[PDB]
Structure formats: structure tokens, C-alpha cells
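Asker: I'd like to ask you about the structure that follows.
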Amino acid sequence: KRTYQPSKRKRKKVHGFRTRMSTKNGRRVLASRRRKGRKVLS
Amino acid sequence: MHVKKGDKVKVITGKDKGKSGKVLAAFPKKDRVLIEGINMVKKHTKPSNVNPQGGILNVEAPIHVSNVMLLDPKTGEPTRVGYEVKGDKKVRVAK
Amino acid sequence: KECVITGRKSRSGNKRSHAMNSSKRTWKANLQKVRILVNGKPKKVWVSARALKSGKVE
Amino acid sequence: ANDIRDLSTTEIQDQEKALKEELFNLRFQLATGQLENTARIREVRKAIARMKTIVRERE
Amino acid sequence: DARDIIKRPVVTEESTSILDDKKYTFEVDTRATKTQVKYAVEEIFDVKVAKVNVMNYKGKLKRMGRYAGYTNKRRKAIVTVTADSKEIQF
RNA sequence: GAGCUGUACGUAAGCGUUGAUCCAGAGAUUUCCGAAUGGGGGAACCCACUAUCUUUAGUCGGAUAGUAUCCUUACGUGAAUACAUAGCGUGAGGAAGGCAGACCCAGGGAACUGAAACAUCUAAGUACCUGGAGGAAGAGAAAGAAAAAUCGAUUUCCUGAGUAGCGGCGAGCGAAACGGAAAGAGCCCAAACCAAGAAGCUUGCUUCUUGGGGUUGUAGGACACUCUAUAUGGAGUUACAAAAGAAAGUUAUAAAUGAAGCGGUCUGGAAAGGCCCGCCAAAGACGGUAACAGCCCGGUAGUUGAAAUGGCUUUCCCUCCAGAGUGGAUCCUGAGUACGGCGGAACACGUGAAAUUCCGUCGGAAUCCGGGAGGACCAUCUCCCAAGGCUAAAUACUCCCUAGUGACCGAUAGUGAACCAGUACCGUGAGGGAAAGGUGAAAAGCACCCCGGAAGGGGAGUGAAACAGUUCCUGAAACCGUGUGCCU
RNA sequence: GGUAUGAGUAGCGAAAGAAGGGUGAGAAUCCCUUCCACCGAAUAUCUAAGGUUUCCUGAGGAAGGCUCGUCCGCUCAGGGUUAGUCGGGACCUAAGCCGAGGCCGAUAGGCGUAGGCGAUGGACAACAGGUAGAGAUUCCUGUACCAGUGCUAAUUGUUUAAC
RNA sequence: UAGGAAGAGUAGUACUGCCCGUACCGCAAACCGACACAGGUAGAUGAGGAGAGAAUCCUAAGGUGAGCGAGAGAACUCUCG
Ligand SMILES: [Mg+2]
Ligand SMILES: [Mg+2]
Ligand SMILES: [Mg+2]
Ligand SMILES: [Mg+2]
Ligand SMILES: [Mg+2]
Ligand SMILES: [Mg+2]
Ligand SMILES: [Mg+2]
Ligand SMILES: [Mg+2]
Ligand SMILES: [Mg+2]
Ligand SMILES: [Mg+2]
Ligand SMILES: [Mg+2]
Ligand SMILES: [Mg+2]
Ligand SMILES: [Mg+2]
Ligand SMILES: [Mg+2]
Ligand SMILES: [Mg+2]
Ligand SMILES: [Mg+2]
Ligand SMILES: [Mg+2]
Ligand SMILES: [Mg+2]
Ligand SMILES: [Mg+2]
Ligand SMILES: [Mg+2]
Ligand SMILES: [Mg+2]
Ligand SMILES: [Mg+2]
Ligand SMILES: [Mg+2]
Ligand SMILES: [Mg+2]
Ligand SMILES: [Mg+2]
Ligand SMILES: [Mg+2]
Ligand SMILES: [Mg+2]
Ligand SMILES: [Mg+2]
Ligand SMILES: [Mg+2]
Ligand SMILES: [Mg+2]
Ligand SMILES: [Mg+2]
Ligand SMILES: [Mg+2]
Ligand SMILES: [Mg+2]
Ligand SMILES: [Mg+2]
Ligand SMILES: [Mg+2]
Ligand SMILES: [Mg+2]
């Protein structure tokens, strides 16, 4: 039994866009990933 | 460009220098120009839809415009070109 | 959490040992919850003991 | 364009309808592989656009 | 409008095989409800619609030399016209 | 002004001198997500209500608009509670979020490290977080600097000076004024008092509102007195009050015109090169063109140019405006302030002999005969007038734009990234993060034949070259082979 | 970064195959047949998660497949997923999360009331046949059910109270 | 029950019923394990004989012969008698 046990919902609830937007530090992450020009935030 | 399709030009550089002809096409994006009977290439053509028998076709390939001078239809000489405004539209003039 | 009159509030500085070790601390205002009329309407607000001294009305 | 400006709003509205129907039938023929002049499509699209533009300029 | 709701007919071995069962297959707007399709088809073809079945096709992943991407998501409607209705042509 | 329908080494249908494609200004359209704001949500989805149309025989459908929260404000309604007030509703404004990791101000604020250990100290008020944000910010018109018997707001640069100083007097930290420059600009309140109200009983006196007045040092103002202005003049949206518009000029955002060699020969695949002749030059910039071009092309110097939009500068309009002198009877001149104790911090200055400045806490002046500073403090002298506000320029930085420059790089360099790179890939995630440029002048990109299922090859042909053959300039070394002169 | 050496070496990942016929340039390895052998509380049949086109058909055999390959979960084209009743939403709430006002707090924020969201639970109406290259309680035939809507017809209310 | 109320039910008849998912794999070569990896992966069903049994052995339905082979039958190693 390996460390990554996938779940569509858990993925989005922990790491998803709305969760990132729900906190100041999550918004910092989005700002940082935009500044670096990532294709994919969240 | 200083020449357009239908103009008679002299060729002034290359293997066909001294030969004159009628500009058949102009490719202004590439500053290239197709002259009748100039820069003839041998295209090794597979049979297809157009040219169904195929064959080694002798046809014209484009020359860089800077290698043709406009033939003044008056004196039949190569010339540089000016621009003069004649009432309505501007027209090319010779030297 | 600040005096509504004077703006007094927490500010930081050093605690110092006899040996001059420094460690961060605050000074808090001597804020008191009191009923005063802010915009005519009386309500409970933080006011500094200093601001209540003499002037101001509860 | 100048010809469109001649027409009344209501008349342009009816000219649009016709063009919308035309565009629909072109796309239909195209999907059934019964359309040769495929350049017609873009013209009609542009036309519709032109007509909406004039109507919006009226107001 | 109704001709924005119906995009184009769907001409495949499957879609053609049910043109005799009075079942016509269309590509419709991806936001269009099957009710919007039922009234759209009635406004364009002057038919009487019995039922409209609809399915969402997600885009298919296609590579063309290093560059990979998705074809468009589609909404496909199968419109069954009543037994007394006129037929659509194709 | 003749071609055009982006790339990219396709087919098709078309468009264009009745002016296309293309270039610049203005406008229109601008799905959904996102502060996201009708409610919800696992971003790019789901589900409504209220009007007003619309469709159907009616459900079922469609279109348009409105509907978040808080703050301020007006108007309504309105509990316990009688008046009220909270609360609730509606209408106006406003905010929200983002970011140029820069610069700036503020709140909060490390540690490694140095001190050859380490605790005071250093690193360092740095990194970082958070807030405010502005094109700059901050500072700023003396309760200043000084000690000539004098300076006149602030800021930045040079200098003073590694000085004076601070410092387990260790490591280290380290000024300022004077002098020299850049740039310069000054102003408005609070209060006496005056007028007109409202609110109060202080009941004819006080306390709030709006206007006038008024701004400074042995003084200024109020206040009396007089002299001239009541826009004659003056000033202005960069402070000094604040909205407005016009016009002309200019700059930017597209462009136009623009001299002179097809010169003769040589080599060559090709001449811009050699040799020999000319010419233009306010143009011998740069680039391209089959090798190196002032005279071939795009251009270049010079000279013209703008319908539209924006910027700037003048001028007009428009708006706004009182200044001198003479008297110090009386009045006013920033109060929980200044100062002080205690605890901290900032000052180069580590509590010291510690002035000066700020924070928390407590105590707490004088208030014109008054007050502050000159590095404990007192006296004298000198200079200054705090506890209110505003203020351009010289300064800092560069996500950007335009024009350029380089004894800067040239594909392992230079950006991580010359190439569809923050991509692929790795990671649950934050985050980490590559490799990879060159056919030819032109595709002229190898018809045709031959072996082969193809791949691949050999001919033929194109080309200057194909040992330039679609990852194709050059093509080193390792390494892998075939052949053979000498040896074994 | 390239290329050696080790080296034609270790390894080629649990397992039963055989022949005949076919296909094809080519066959231990693809297709068919027959026999044989293996699993059978599974090595069968469903379904959820997760994956996301791998599914079907035709063509292909560079690379991938530890060999081969005519084959393939690979490459290239075209296709393919049908619901009032199945599962989810237009219903419900649990833990938990958010949270108007509010309370607390250098900033940032933390907490929390009303109110929301949130299944792993509650509620909730469809069955049997057929059909097939690729879906099927979804398509078709038959027979139903749930919720609505009008339209005809009587029936009964039409301000003392049917509903 | 508080409230609201002239339309309500009954019968027949014919219409109306949205969005999302639906392919395929799913004890696996398609999921988690870098692999076409002896591992891991919740739930429903899970036949017969002998049997208490879902044990065991052999079988049914159904599924499969497992992506290197041909020989050889030394040492040695492993797994077995
Ligand atoms: Mg993973
Ligand atoms: Mg469906
Ligand atoms: Mg919304
Ligand atoms: Mg040391
Ligand atoms: Mg010229
Ligand atoms: Mg020659
Ligand atoms: Mg050369
Ligand atoms: Mg050159
Ligand atoms: Mg003092
Ligand atoms: Mg002290
Ligand atoms: Mg200090
Ligand atoms: Mg003193
Ligand atoms: Mg004190
Ligand atoms: Mg002194
Ligand atoms: Mg001193
Ligand atoms: Mg004073
Ligand atoms: Mg590089
Ligand atoms: Mg190189
Ligand atoms: Mg090469
Ligand atoms: Mg060996
Ligand atoms: Mg061996
Ligand atoms: Mg072996
Ligand atoms: Mg195996
Ligand atoms: Mg068993
Ligand atoms: Mg398959
Ligand atoms: Mg192989
Ligand atoms: Mg195959
Ligand atoms: Mg049915
Ligand atoms: Mg709860
Ligand atoms: Mg609750
Ligand atoms: Mg819910
Ligand atoms: Mg199936
Ligand atoms: Mg299925
Ligand atoms: Mg496995
Ligand atoms: Mg288990
Ligand atoms: Mg069997």
C-alpha cells in the first residue's frame, strides 16, 4: 500500500483553486505561481 | 516593390544577366519576382492530379527584385524609378 | 483593541535582564470598556484611562 | 454597408433572419458534403455581423 | 435563436442507419437543453418531435508532432419525430 | 496602391484598381471563470427569485433587466418602553481585488555569522510577514544652526572624516555643523474680536453651527484711530479657493518624397571582389541582394505630411481676491499638552555626566511680567515661539514604451528559456525544472530505371557542391571496423 | 555530453501445450479447428473508487512489447456513451467546514450566532422481452408507475365558510 | 389548528417531465506500486460430489495456457521425493 491513494474530491478539496483562494496564504501561492507563469495553478 | 506583375524588366545580376522579360508573378513578402524565360529550373515531378503523366518539367523560378530594373517603354533601356502625383493617382517616372 | 479617543494601543519593545539580554515584549494601553456617546449614540468602547482623566463623559 | 444603412431597423432585422437561415443551410449542406462553394459561408457570417453592427450604431 | 441551438447534422454509418426509424442526429450547442432542442427542431424543419435523447461527448486527445491537445467537446441530440410528422431530408 | 485568404517545406473554395490584404486613430461586439457581487460550488459549474415581454391548449420552454456584503449619508418605518433609541426597509455615493520580488512610508521582526568560544555587542532594524500606498514617497518654512558680532524651510551630492565620539573602550559601530554645489517657494488654520442664527434657561446670559477677521517674537494680531484700494490692479486649479471650457501652436501615434554606374574587362555557380574608367554626397547609417555595394533594392541626409485620438505650451474665457501706517489700557496667541518619575526605544551616542526625539504608564506647568533651546544643571547672554495643517523642484527605483550604445555573450556561452519553456518531466502539495539553433542563392527537395514487402541502397537527373538529400554548414577526439608494409 | 570495459556475459518477471489448416514478403509467437492442460469463495459474473478513450471498425509495423510479430492496451484515420423511474443535482440532514451582525486580537487574522454548505446515511415512480461492430432498466416492442398540465363531462361550493 | 379562500376534487381523454454521469478496464497489462512489476485495491453474486464448511480434492457455468524458445539431462545452487 503506497503513499498516493487518489481521490478526485480530496485532491480538489485540499489543493484546488477554491481552497487556495479561501486563505491569504493560498492566494500567495496563486500569486507566486502566476508570477512564475505556471500553466497550471491549483 | 519597384516592379509589379505585367512590367517588362531587364535582369542585371545572375546567370541570366542581359535577358529581359514580362513579370508573371510578384511575391512581395519574400522580395522575389517571377520573370518569363528567366531562372528556368528542372522540377522532377511525380505523376499526380496535375501533370498526370509526370515528367522533368522545365519552368521559371523567382529572382530577387533587386536583380531586375524596369524597362522604360520609351527608350527600351533599364532605369531607376521616381514617383510623380498626376491629379488623381501617383505614377512611376524614369530617369 | 485601541483607545477610540487617542488611538493608544499595544506597542513593542525590549524586556532587559540585569545582564542586558533583550527579549521582545509589548506595552499595552490602559484601556477600559466604557459607555460613551461616539456619534450621539452611546455604546461600549475601549477608552484609555489617560483619555478618561478629567475630560470625557461616561 | 452603405446599402444596409438605407434600410430601416425592422427591415435589417428581417435581412438578418434570412442570412441566419442561409448560414444554417450552408452549414447543413457542408456537413452532408453537398456544398461546393464553401467560401459562401464566411461571406454570410460577415454579412450578419455587418447588419448587427449597423443596428447597434442606430442606438 | 434556434439555428444557434442546432449546429449541423451528424452523418455517420450509425446516424444514417436510424434515418428510416424517423430518428435524426444533430450536433447542438453544448449549453442547449433537450427542451430547447425539441422547440429548435420544430422551428427549423416544421416537424412534430416525439422525444429528444441527448449525450455529451468529451473532447478526444490528438497529437500532431510534439503538439498534443483536445478536439472540441460535443453535444449530440437524437430527435425522434412522431409517426404522422413530415421527414427531415439529409 | 497590387496583390491577398497568419505560421509551416497542404488540398479546396474564393476576394481584389467599384481599392482588397496590409498600417495608424476612433468606435462596436467582447461567451464563461476570476474581487466575482442573486444563492451555492470541487474556478471556468449547478440552481434561483422579482419584474416585463415572448412561446404553447396549458404545463414544459425562451429574451431582457434587477437582485452580494460593509461604510458613509438622506428618507421612511420602528422593540423591550411612554417619548425615544436599537433594529428593519428603500434611495444615493464609496470600498472590496490585483500588482514592478523595484523604489517609498508604517506595524511586526529573525538566525546563521563576526567577536577566532560566548552571553553585552555584531549580523541588523537586514531577510521575511503585514498594512499604506505614490509616481515618487518621506522631509519641509525654525520654540533651527550657531557663537561672525551671523545664518535664514526641506531634500540630495562633494567635503568635514574614518575625525568627534560610542564600544565586554573588545569585535566593531560611527555623526553633525561650518564650507562647496544641484534645486529653490512659500503658505493656510486654532484663538481674541465682529455679524447673523439655532439650542438652552446660565431666564437676557452662556454653550454649539455657518460666515467675516486673523496668523506672529524685546513680537504679531484682535482692538481702537487714520490712509488708499472694493477689481484700478493681482492671482489661480502643483501648495497658497475651486470647477469649467474654447482657440491657435507644437509633439506623439500611419506615412510621402528622396542624388549618383544595367560602366568596361578578369576570375567565378553567382561579383557587391581584382584591374581600369566615371559619378552623387546636408545622403560613405544599417540591412538585403547568388562572395565584400555611397551610385541594384529597402532605405539614409535633407525636405514635406495627419481625418482621428491623446499629451504639452501659450493666449483667451471662466473663477477668486483688500493693503499700508500709528498707538501695547485691556484681550488672544494650540492643556491632560509641555515637562517630570518609572519601563523601553530612537538619536553614531550600549544609562552614561546624557542634552535632544518617540512609545506605554502614572504625575502634571506657565500660559505674556509668558514660554523653549544653546549636550547634566544654575546664572547671564544669544537665538528661537512647541503642543494644528499644506507645499513643487533638486533625490530613489524601472514591470513598461521610443530611439540608440557597448575594447558585453555567441548555442555547455548569453536569460531557466535563440527552438510553441516555466513547456516536458518530477512531486500529494508548496515547489523543483531540462534537453533541443545552421539543406541550398533558389526546392531546383532526387522524374525514370534497378534490387527490396518496406527501410535502405545503386544508377539516372537537379545543383557550384548531394561525401549539401527534409534534423541535411563545418565535422575534432574517444570508440567501432575493413585492407595491408614490418614484427609475433 | 559522447563512447568504451565488463560481454554476446547476467537477465528475459511464478504457469502446458500439440498438430493440422489458414493468412502473409516473412509465422514456436496472428486467425481457425481439434485434442490436451489450468482456475472454479476464482484466475468466473457484477458494482464502487481510480484511470480517462485504453472501447469499436479499417489500415500499419519505424519506435513501444524484455524474443518474434502478419498481432496489440502501440501508430494513423474514422466512429462509439441515448434515461421522468438507474446513480448524483433541481430534496434532507451527520461529522466537519463556512459564517451577516457579533466577541477577541500589533497587522495578518482567531473564534462564533442566525443562516448555509457538506454523504459514507434518510427520502424518492419500470419491468420483461428484442436488437447489436461499439450503449442499453437509457434505443425498439409490449405492459406499467410517479409528478404535473390543459381539454371535455357531469358533481358540488361560489362570504359564513366546499376546499 | 393559526391563517388563506372560489374554485375544488372525481371520471375520462391527450399532452408535459430539465441538468450531470452512462464508452472501456476495474483483485487489473487500463487503478496505487518509475515497468505489460509474484505486492496492494471497498462491496454484491459465488454451482456439484464427498463434506460441518466459502476447508479440501476433482469438476460445472464461465474464464485461462501468462509476450522468449529448441536441446541437454555435468559440477553447483534452489525447490522437491
Ligand atoms: Mg503519482
Ligand atoms: Mg443523459
Ligand atoms: Mg454568482
Ligand atoms: Mg570564530
Ligand atoms: Mg535611390
Ligand atoms: Mg563569368
Ligand atoms: Mg559563399
Ligand atoms: Mg553576404
Ligand atoms: Mg527640555
Ligand atoms: Mg527614560
Ligand atoms: Mg541604540
Ligand atoms: Mg535643557
Ligand atoms: Mg513619561
Ligand atoms: Mg552649554
Ligand atoms: Mg556632545
Ligand atoms: Mg507660539
Ligand atoms: Mg543555454
Ligand atoms: Mg557549435
Ligand atoms: Mg553535417
Ligand atoms: Mg564472465
Ligand atoms: Mg555462464
Ligand atoms: Mg542463461
Ligand atoms: Mg514471462
Ligand atoms: Mg478454496
Ligand atoms: Mg481494442
Ligand atoms: Mg521486437
Ligand atoms: Mg494490427
Ligand atoms: Mg421508456
Ligand atoms: Mg453542525
Ligand atoms: Mg446550523
Ligand atoms: Mg446539499
Ligand atoms: Mg459493452
Ligand atoms: Mg458499461
Ligand atoms: Mg500485477
Ligand atoms: Mg483488504
Ligand atoms: Mg468449460
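Here, A, B, ... name the chains of the C-alpha cells in the order displayed, residue numbers run from 1 inside each chain, and ligands are numbered from 1 in the same displayed order.
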Fewer than 4 positions away in the same chain doesn't count, so skip those; otherwise give me all residues within 9 Å of segment 67-69 of chain G, counting only C-alpha atoms (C1' of nucleotides), as a ChimeraX atom specification.
Answerer: /G:12,27,29-30,61 /H:67-69
Asker: Neighbouring residues of residue 22 of chain B were defined as those with any atom within 10 Å, considering only C-alpha atoms (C1' of nucleotides); residues of the same chain fewer than 2 positions away were excluded. Please report them as an NGL selection string.
Answerer: :B and (4-10 or 20 or 24-25 or 34-38 or 71)
Asker: Print the selection's residues with C-alpha atoms to a file, as a PDB file, in the first residue's frame.
Answerer:
```pdb
ATOM      1  CA  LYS B   4       4.862  44.644 -60.315  1.00  0.00           C
ATOM      2  CA  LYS B   5       3.260  41.887 -62.478  1.00  0.00           C
ATOM      3  CA  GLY B   6       2.972  42.769 -66.211  1.00  0.00           C
ATOM      4  CA  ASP B   7       6.064  45.066 -66.226  1.00  0.00           C
ATOM      5  CA  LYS B   8       8.938  44.383 -68.694  1.00  0.00           C
ATOM      6  CA  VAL B   9      12.225  44.183 -66.667  1.00  0.00           C
ATOM      7  CA  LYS B  10      15.950  43.755 -67.502  1.00  0.00           C
ATOM      8  CA  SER B  20      14.639  40.910 -70.400  1.00  0.00           C
ATOM      9  CA  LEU B  24       4.465  36.894 -64.436  1.00  0.00           C
ATOM     10  CA  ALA B  25       4.124  36.896 -60.595  1.00  0.00           C
ATOM     11  CA  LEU B  34       8.913  35.522 -61.485  1.00  0.00           C
ATOM     12  CA  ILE B  35      10.174  36.582 -64.990  1.00  0.00           C
ATOM     13  CA  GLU B  36       9.113  34.777 -68.246  1.00  0.00           C
ATOM     14  CA  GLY B  37      12.048  32.611 -69.528  1.00  0.00           C
ATOM     15  CA  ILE B  38      14.380  33.570 -66.594  1.00  0.00           C
ATOM     16  CA  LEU B  71      12.386  48.843 -68.886  1.00  0.00           C
TER      17      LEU B  71
END
```
Asker: Which residue is closest to chain G? Choose from C:21, C:6, C:26, C:14 and count only C-alpha atoms (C1' of nucleotides).
Answerer: C:26
Asker: List all protein, DNA and RNA residues that have any atom at most 10 Å from ligand 9, counting only C-alpha atoms (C1' of nucleotides) and all ligand atoms, and write the list as a ChimeraX atom specification.
Answerer: /F:338-339,355-356,372-373
Asker: Kindly save the residues from that selection, with C-alpha atoms (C1' of nucleotides) included, as a PDB file, in the first residue's frame.
Answerer:
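File produced: selection_21.pdb:
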```
ATOM      1  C1'   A F 338       4.916  70.787  27.598  1.00  0.00           C
ATOM      2  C1'   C F 339       7.623  68.816  31.217  1.00  0.00           C
ATOM      3  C1'   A F 355      21.219  67.015  26.473  1.00  0.00           C
ATOM      4  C1'   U F 356      17.743  66.011  22.026  1.00  0.00           C
ATOM      5  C1'   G F 372      11.749  76.795  24.620  1.00  0.00           C
ATOM      6  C1'   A F 373      16.923  75.803  23.217  1.00  0.00           C
TER       7        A F 373
END
```
Asker: Using only C-alpha atoms (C1' of nucleotides) and all ligand atoms, find each residue with an atom at most 8 Å away from ligand 5 and format the answer as a count of residues only.
Answerer: 4
Asker: What separation in Å, quoted to one decimal, exists between atom CA of residue 35 of chain C and atom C1' of residue 79 of chain F?
Answerer: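 Value for the atom CA of residue 35 of chain C-atom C1' of residue 79 of chain F distance: 21.3 Å.
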